Amino acid sequence: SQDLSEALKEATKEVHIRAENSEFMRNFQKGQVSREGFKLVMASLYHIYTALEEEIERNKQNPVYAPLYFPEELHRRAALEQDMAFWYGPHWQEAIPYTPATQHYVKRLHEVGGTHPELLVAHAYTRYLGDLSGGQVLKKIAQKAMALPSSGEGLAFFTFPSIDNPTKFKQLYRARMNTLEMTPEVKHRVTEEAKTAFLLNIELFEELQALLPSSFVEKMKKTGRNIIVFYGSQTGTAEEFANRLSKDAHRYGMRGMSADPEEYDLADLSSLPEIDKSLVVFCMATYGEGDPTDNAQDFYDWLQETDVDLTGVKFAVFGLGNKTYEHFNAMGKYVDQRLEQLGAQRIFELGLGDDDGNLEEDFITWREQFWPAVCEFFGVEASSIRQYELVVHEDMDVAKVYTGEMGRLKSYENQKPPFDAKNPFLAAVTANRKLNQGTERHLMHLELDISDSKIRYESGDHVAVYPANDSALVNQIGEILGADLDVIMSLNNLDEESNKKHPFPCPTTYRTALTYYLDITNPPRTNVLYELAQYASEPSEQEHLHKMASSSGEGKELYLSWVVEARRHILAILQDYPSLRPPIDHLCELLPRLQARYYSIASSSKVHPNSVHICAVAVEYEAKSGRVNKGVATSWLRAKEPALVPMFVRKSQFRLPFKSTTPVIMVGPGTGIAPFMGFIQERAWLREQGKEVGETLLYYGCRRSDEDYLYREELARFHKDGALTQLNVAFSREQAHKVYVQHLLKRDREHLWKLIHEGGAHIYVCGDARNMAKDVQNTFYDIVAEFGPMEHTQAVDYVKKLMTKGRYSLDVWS
Ligand SMILES: Cc1cc2nc3c(=O)[nH]c(=O)nc-3n(C[C@H](O)[C@H](O)[C@H](O)COP(=O)(O)OP(=O)(O)OC[C@H]3O[C@@H](n4cnc5c(N)ncnc54)[C@H](O)[C@@H]3O)c2cc1C
Ligand code: HEM
Ligand SMILES: Cc1cc2nc3c(=O)[nH]c(=O)nc-3n(C[C@H](O)[C@H](O)[C@H](O)COP(=O)(O)O)c2cc1C
């Protein structure tokens, strides 16, 4: 094509098909990779990436490569050295081979980096863009096939801790590629060199291949079990889940086993109701185009043409899927919907695990609320064995007790770089003023001083903050529970081979754990209500707590109405149910951890290098339970007057264009103006350095001009200086019909189209506003359809292509 990214994708089509059809890569896809062949590819890759990054460092400021310099995000030499130490021992430096094909690849890399740097892109593309695609699945396949530690040793090459979204980063990288100015002949040479790089990889793979040459019903009867968990897996995740489920079975009054459904004629589901309180669980991953895992293919086929009467059978299904596919959890949904068709009844709601997000968290939630539903269905209300043991330290020094820090002991006082999620830096609150002019809501602008933290950030990055619960809540809970909060103690997991030895940093007091480590504000999950039912004196409230553990029936109605919809925290539950007098250690075992909260950085590191600006709206509402609830992080930050805040910075892919001449179209209603401020700052800064800056358009939205017009004065000053080219503000509540930013974009359709088409502008969409991103998206669809004469389908294809080339970026949240 014309844009370099599309030209590279099209030019390297056949060679990519060929590379992934090589015998070595095909054996890899099928899970048949050997430790020796894996050591071979990894050593070759060490040599290759050493050469590649050597030449990258050599040309990191050459204009023909400069926009692609992403050392912190992409480079591999460090991880490859870690993996060499893993796979070849301490003296790997002389133990790793250097095959002729690897030397050919390295020689070509050095030729390019030395005498033809204009082609270096073609090689980075072939490697880095590849590592951010198939590599994510290859890492799982390796973990399972070779049996590596779950800690990630040996597969550090496949891990990008600075890239939280490889799709968005690939968009950013394509954008940086298309910025490269080059003549058409040079573009053709670059595509040919990308073909050459693919061919080098192909012949490397070829050379490395050259260097290799009893029915479960009666079974459960004789083994004495009532639970069986079939796993439909390909890369071991569903197997792991099924094994952990059947492991929880034995420690709950019941007794289960995790089995493979492949070698069992599941006609033994009709023979299963003849086991006392029997139930079967299915952890089903889905592949292909809504196709079952191979180990369940037979099973799937069996459910097609069958009529086995499965009356009185108890089942539950958890599905493993990915929201990016458009057959989301087809296998799990099919098994769930179909077992009820055959006669069985659902005990717990079907789980829908997303792999785009945190699949582990989805599964932990599902299991956590599943086990109570089982214990409350069959009525086997024995009340289960604990998981953490209380050990009070009545005489113990204070320099050994956790006082709220997150990582190592006394890490909040002995601050040493680097600072990240496990070692947050305590930034000094320099400013905390009100942006909101009215009184509808309180919107605040904080500034955090990070002078000598050595923390780097860019406009568009995010800042995460570890908050503290309101101390009045902690005191009230400690009062109504009738316990002492300053008691130094510990909770030790007696699941001995679970290296998760505590629920939170220990030893510490109950006050400290309630203040910094636990989430005492979000509505409680079903599991804590079940485990609290045994502490209710009155059988009315005990029976309420029990029934609230039923996923089916009016128990779910009660749970959703009185807890979720009413938004009752733990204190509200302890208040309205005065029968509840549980201990404090069991409560600290049942409550979920206090999560950090993310905010869009509202400053540019080029004008505010030692400061990070946050723009937030304080959460505070009258819940339907009567009480007035407060947002943890926003209330905690609101009280901060210039006063430390534990924070860290997470890289995003929201980035201004490399060329200062490129125009930007920012759209951000409400708090979504947060990053754009930074943008504008940096943009203004580029004008002050004497650089030529393109158009900078802002489409902001608020209610009233005198109510919540955030940064009105600063935006006005930016506009009058020329830094902010257009200030298009849509006031939603200044007449009878509401005016949103969609209408302002629709208004300037002609100029916007000339910016996008002729100027090659970047579009940014940001903010909380629900259903707003899709409205802006449809607006741009219509603009492109109208002004560049197109069918609606051609226009949506055009806009999607823009998203691929990193010219339509999103940063939405809730
Ligand atoms: C990448 C990312 C970027 C973000 N950037 C920003 C930003 O720039 N500015 C900003 O303000 N926030 C931002 N957020 C959201 C932020 O992380 C918090 O969710 C938000 O600030 C509130 O945090 P909190 O701890 O004070 O409230 P929490 O303790 O987390 O609880 C809030 C909950 O209260 C509930 N709730 C809210 N209103 C009502 C209501 N009327 N009635 C009933 N229930 C209600 C909701 O269920 C809500 O989830 C971002 C989030 C992400 C993931
Ligand atoms: C294990 C075999 C492989 C599989 C399953 C695989 C799969 C994929 C997939 C699904 C994509 C699309 C991602 C996207 O469009 O955003 C992709 C793109 C890509 N792959 Fe592969 N791949 C394999 C082997 C390789 C190899 C060996 C290389 C190079 C050494 C490579 C280089 C690339 C590149 C550069 C892209 C990006 C194309 C673009 O968007 O411009 N792949 N691959
Ligand atoms: C080739 C491939 C195809 C996939 N297809 C789908 C799909 O169609 N629908 C879906 O929801 N998930 C799909 N997924 C997501 C998987 O279900 C997800 O990765 C799941 O965690 C796999 O579990 P496992 O490791 O036990 O095999 C697919 C994954 C791969 C690798």
# chains A, B, ... in the order shown; residues from 1 in each chain; ligands from 1
call {"tool": "residues_around", "arguments": {"residues": "range 491-494 of chain A", "least_positions_apart": "5", "cutoff": "9 Å", "atoms": "only C-alpha atoms", "output": "list in words"}}
result
residues 387, 388, 389, 390, 391, 392, 499, 500, 501, 502, 503, 504, 506, 507, 585, 588 and 589 of chain A
call {"tool": "residues_near_ligand", "arguments": {"ligand": "ligand 2", "cutoff": "9 Å", "atoms": "only C-alpha atoms and all ligand atoms", "output": "PyMOL selection string"}}
result
chain A and resi 5-10+12-13+15-22+25-26+28-29+123-135+137-138+166-167+170-171+174+194+197-202+205+804
call {"tool": "closest_atom_pairs", "arguments": {"of": "range 413-462 of chain A", "to": "range 808-812 of chain A", "cutoff": "12 Å", "atoms": "only C-alpha atoms", "output": "CSV"}}
result
residue,atom,partner,partner_atom,distance
A:460,CA,A:811,CA,8.8
A:461,CA,A:811,CA,10.1
A:462,CA,A:811,CA,10.1
call {"tool": "select_by_dssp", "arguments": {"residues": "range 465-496 of chain A", "states": "strand (DSSP E or B)", "output": "PyMOL selection string"}}
result
chain A and resi 465+488-493
call {"tool": "closest_atom_pairs", "arguments": {"of": "chain A", "to": "ligand 3", "cutoff": "9 Å", "atoms": "only C-alpha atoms and all ligand atoms", "output": "Markdown table"}}
result
| residue | atom | partner | partner_atom_place_in_ligand_line | distance |
| --- | --- | --- | --- | --- |
| A:134 | CA | ligand 3 | 31 (C) | 8.8 |
| A:136 | CA | ligand 3 | 31 (C) | 8.8 |
| A:137 | CA | ligand 3 | 31 (C) | 5.9 |
| A:138 | CA | ligand 3 | 31 (C) | 9.0 |
| A:140 | CA | ligand 3 | 25 (O) | 7.2 |
| A:141 | CA | ligand 3 | 25 (O) | 8.3 |
| A:144 | CA | ligand 3 | 25 (O) | 8.9 |
| A:231 | CA | ligand 3 | 26 (O) | 7.9 |
| A:232 | CA | ligand 3 | 26 (O) | 6.6 |
| A:233 | CA | ligand 3 | 26 (O) | 3.6 |
| A:234 | CA | ligand 3 | 27 (O) | 3.5 |
| A:235 | CA | ligand 3 | 25 (O) | 3.6 |
| A:236 | CA | ligand 3 | 26 (O) | 4.3 |
| A:237 | CA | ligand 3 | 26 (O) | 3.6 |
| A:238 | CA | ligand 3 | 26 (O) | 3.9 |
| A:239 | CA | ligand 3 | 26 (O) | 6.0 |
| A:240 | CA | ligand 3 | 26 (O) | 7.8 |
| A:241 | CA | ligand 3 | 26 (O) | 8.5 |
| A:283 | CA | ligand 3 | 26 (O) | 8.4 |
| A:284 | CA | ligand 3 | 26 (O) | 7.5 |
| A:285 | CA | ligand 3 | 17 (O) | 4.5 |
| A:286 | CA | ligand 3 | 17 (O) | 4.2 |
| A:287 | CA | ligand 3 | 5 (N) | 3.5 |
| A:288 | CA | ligand 3 | 3 (C) | 4.4 |
| A:289 | CA | ligand 3 | 8 (O) | 4.5 |
| A:290 | CA | ligand 3 | 8 (O) | 4.2 |
| A:291 | CA | ligand 3 | 8 (O) | 6.7 |
| A:292 | CA | ligand 3 | 8 (O) | 8.9 |
| A:293 | CA | ligand 3 | 27 (O) | 7.1 |
| A:319 | CA | ligand 3 | 17 (O) | 7.9 |
| A:320 | CA | ligand 3 | 20 (C) | 4.7 |
| A:321 | CA | ligand 3 | 11 (O) | 3.1 |
| A:322 | CA | ligand 3 | 12 (N) | 4.1 |
| A:323 | CA | ligand 3 | 11 (O) | 6.1 |
| A:324 | CA | ligand 3 | 10 (C) | 7.7 |
| A:325 | CA | ligand 3 | 9 (N) | 5.1 |
| A:326 | CA | ligand 3 | 9 (N) | 6.6 |
| A:327 | CA | ligand 3 | 9 (N) | 4.7 |
| A:328 | CA | ligand 3 | 11 (O) | 3.6 |
| A:329 | CA | ligand 3 | 11 (O) | 3.9 |
| A:330 | CA | ligand 3 | 9 (N) | 6.2 |
| A:331 | CA | ligand 3 | 9 (N) | 8.0 |
| A:332 | CA | ligand 3 | 11 (O) | 8.7 |
| A:352 | CA | ligand 3 | 11 (O) | 8.6 |
| A:353 | CA | ligand 3 | 21 (O) | 7.7 |
| A:354 | CA | ligand 3 | 11 (O) | 7.4 |
| A:355 | CA | ligand 3 | 18 (C) | 5.7 |
| A:356 | CA | ligand 3 | 15 (C) | 8.6 |
| A:359 | CA | ligand 3 | 21 (O) | 7.2 |
call {"tool": "residues_near_ligand", "arguments": {"ligand": "ligand 1", "cutoff": "9 Å", "atoms": "only C-alpha atoms and all ligand atoms", "output": "ChimeraX atom specification"}}
result
/A:443-444,461-465,467,469,519,521-522,565-567,595-602,614-624,629-637,652,670-675,767-768,811-814
call {"tool": "atom_distance", "arguments": {"atom1": "CA of residue 53 in chain A", "atom2": "CA of residue 75 in chain A"}}
result
7.0 Å
call {"tool": "residues_around", "arguments": {"residues": "residue 665 in chain A", "least_positions_apart": "4", "cutoff": "8 Å", "atoms": "only C-alpha atoms", "output": "count of residues only"}}
result
8
call {"tool": "residues_around", "arguments": {"residues": "residue 724 in chain A", "least_positions_apart": "6", "cutoff": "9 Å", "atoms": "only C-alpha atoms", "output": "list in words"}}
result
residues 680, 683, 684, 695, 696, 697, 698, 715, 716, 717 and 718 of chain A
call {"tool": "write_last_selection", "arguments": {"atoms": "N, CA, C and O atoms", "output": "JSON list (two decimals), in the first residue's frame"}}
result
[["chain", "number", "residue", "atom", "x", "y", "z"],
["A", 680, "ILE", "N", -1.69, 19.35, 25.60],
["A", 680, "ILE", "CA", -1.66, 20.77, 25.26],
["A", 680, "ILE", "C", -0.41, 21.41, 25.82],
["A", 680, "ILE", "O", 0.32, 22.12, 25.11],
["A", 683, "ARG", "N", 2.36, 20.41, 23.74],
["A", 683, "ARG", "CA", 2.21, 21.09, 22.47],
["A", 683, "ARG", "C", 2.65, 22.54, 22.58],
["A", 683, "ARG", "O", 3.48, 23.01, 21.79],
["A", 684, "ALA", "N", 2.15, 23.25, 23.60],
["A", 684, "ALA", "CA", 2.60, 24.61, 23.85],
["A", 684, "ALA", "C", 4.11, 24.65, 23.99],
["A", 684, "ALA", "O", 4.78, 25.50, 23.39],
["A", 695, "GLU", "N", -2.10, 21.83, 13.87],
["A", 695, "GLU", "CA", -3.33, 22.20, 14.56],
["A", 695, "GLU", "C", -3.55, 21.32, 15.79],
["A", 695, "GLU", "O", -3.25, 20.12, 15.79],
["A", 696, "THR", "N", -4.08, 21.92, 16.85],
["A", 696, "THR", "CA", -4.35, 21.23, 18.11],
["A", 696, "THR", "C", -5.81, 21.52, 18.47],
["A", 696, "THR", "O", -6.11, 22.58, 19.01],
["A", 697, "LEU", "N", -6.71, 20.58, 18.18],
["A", 697, "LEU", "CA", -8.14, 20.78, 18.37],
["A", 697, "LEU", "C", -8.61, 20.05, 19.62],
["A", 697, "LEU", "O", -8.28, 18.87, 19.82],
["A", 698, "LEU", "N", -9.38, 20.74, 20.46],
["A", 698, "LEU", "CA", -9.96, 20.17, 21.67],
["A", 698, "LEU", "C", -11.48, 20.19, 21.57],
["A", 698, "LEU", "O", -12.07, 21.22, 21.24],
["A", 715, "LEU", "N", -7.26, 26.72, 29.86],
["A", 715, "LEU", "CA", -7.63, 26.47, 28.46],
["A", 715, "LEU", "C", -7.77, 27.77, 27.69],
["A", 715, "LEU", "O", -7.35, 27.86, 26.53],
["A", 716, "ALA", "N", -8.37, 28.79, 28.30],
["A", 716, "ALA", "CA", -8.49, 30.09, 27.64],
["A", 716, "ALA", "C", -7.12, 30.67, 27.32],
["A", 716, "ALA", "O", -6.87, 31.14, 26.20],
["A", 717, "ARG", "N", -6.21, 30.66, 28.30],
["A", 717, "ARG", "CA", -4.86, 31.14, 28.06],
["A", 717, "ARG", "C", -4.17, 30.35, 26.95],
["A", 717, "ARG", "O", -3.51, 30.94, 26.08],
["A", 718, "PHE", "N", -4.33, 29.03, 26.94],
["A", 718, "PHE", "CA", -3.75, 28.22, 25.87],
["A", 718, "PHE", "C", -4.31, 28.63, 24.51],
["A", 718, "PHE", "O", -3.57, 28.75, 23.54]]
call {"tool": "select_by_dssp", "arguments": {"residues": "range 370-588 of chain A", "states": "helix (DSSP H, G or I)", "output": "ChimeraX atom specification"}}
result
/A:370-377,398-400,471-481,510-517,526-533,539-547,554-565,570-576,584-588
call {"tool": "closest_residue", "arguments": {"among": "A:700, A:366, A:70, A:731", "to": "residue 56 in chain A", "atoms": "only C-alpha atoms"}}
result
A:70
call {"tool": "residues_around", "arguments": {"residues": "residue 54 in chain A", "least_positions_apart": "2", "cutoff": "12 Å", "atoms": "only C-alpha atoms", "output": "short mmCIF file (atom, residue, chain, number, x, y, z; two decimals) with C-alpha atoms, in the first residue's frame"}}
result
data_model
loop_
_atom_site.label_atom_id
_atom_site.label_comp_id
_atom_site.auth_asym_id
_atom_site.auth_seq_id
_atom_site.Cartn_x
_atom_site.Cartn_y
_atom_site.Cartn_z
CA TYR A 46 19.97 -14.30 21.95
CA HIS A 47 22.55 -13.81 19.21
CA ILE A 48 20.00 -12.26 16.83
CA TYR A 49 18.50 -9.78 19.27
CA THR A 50 21.95 -8.85 20.56
CA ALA A 51 22.90 -7.88 17.00
CA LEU A 52 19.57 -6.16 16.36
CA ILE A 56 19.34 -0.07 17.14
CA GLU A 57 21.47 1.62 19.80
CA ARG A 58 23.90 2.56 17.03
CA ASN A 59 21.14 4.34 15.05
CA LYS A 60 18.74 5.39 17.82
CA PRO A 71 14.15 0.30 24.70
CA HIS A 75 14.24 -4.76 23.97
CA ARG A 76 15.09 -8.38 24.70
CA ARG A 77 18.83 -8.75 25.38
CA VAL A 106 23.51 -11.59 12.56
CA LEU A 109 21.71 -7.33 10.78
CA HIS A 110 25.18 -5.82 11.09
CA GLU A 111 25.36 -4.99 7.37
CA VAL A 112 22.03 -3.16 7.64
CA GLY A 113 22.87 -1.33 10.85
CA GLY A 114 26.30 -0.33 9.56
CA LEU A 120 16.71 -1.37 10.06
CA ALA A 124 12.58 -4.63 13.95
#
call {"tool": "closest_residue", "arguments": {"among": "A:215, A:183, A:526, A:297", "to": "residue 271 in chain A", "atoms": "only C-alpha atoms"}}
result
A:215
call {"tool": "residues_around", "arguments": {"residues": "residue 594 in chain A", "least_positions_apart": "3", "cutoff": "7 Å", "atoms": "only C-alpha atoms", "output": "PDB file with N, CA and C atoms, in the first residue's frame"}}
result
ATOM      1  N   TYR A 516      -5.262  -0.167  55.262  1.00  0.00           N
ATOM      2  CA  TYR A 516      -4.437  -0.120  54.062  1.00  0.00           C
ATOM      3  C   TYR A 516      -4.510  -1.352  53.168  1.00  0.00           C
ATOM      4  N   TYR A 517      -4.905  -2.517  53.691  1.00  0.00           N
ATOM      5  CA  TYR A 517      -4.776  -3.764  52.946  1.00  0.00           C
ATOM      6  C   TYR A 517      -6.092  -4.360  52.467  1.00  0.00           C
ATOM      7  N   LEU A 518      -7.220  -4.008  53.079  1.00  0.00           N
ATOM      8  CA  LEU A 518      -8.491  -4.651  52.784  1.00  0.00           C
ATOM      9  C   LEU A 518      -9.497  -3.648  52.236  1.00  0.00           C
ATOM     10  N   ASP A 519     -10.447  -4.160  51.457  1.00  0.00           N
ATOM     11  CA  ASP A 519     -11.479  -3.352  50.808  1.00  0.00           C
ATOM     12  C   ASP A 519     -12.761  -3.459  51.629  1.00  0.00           C
TER      13      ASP A 519
END
call {"tool": "residues_around", "arguments": {"residues": "residue 380 in chain A", "least_positions_apart": "4", "cutoff": "12 Å", "atoms": "only C-alpha atoms", "output": "list in words"}}
result
residues 252, 253, 254, 276, 277, 278, 371, 372, 373, 374, 375, 376, 384 and 546 of chain A
call {"tool": "closest_residue", "arguments": {"among": "A:480, A:279, A:84, A:172", "to": "residue 803 in chain A", "atoms": "only C-alpha atoms"}}
result
A:172
call {"tool": "closest_residue", "arguments": {"among": "A:40, A:607, A:796, A:272", "to": "residue 209 in chain A", "atoms": "only C-alpha atoms"}}
result
A:40
call {"tool": "closest_residue", "arguments": {"among": "A:785, A:64, A:448, A:574", "to": "residue 426 in chain A", "atoms": "only C-alpha atoms"}}
result
A:448
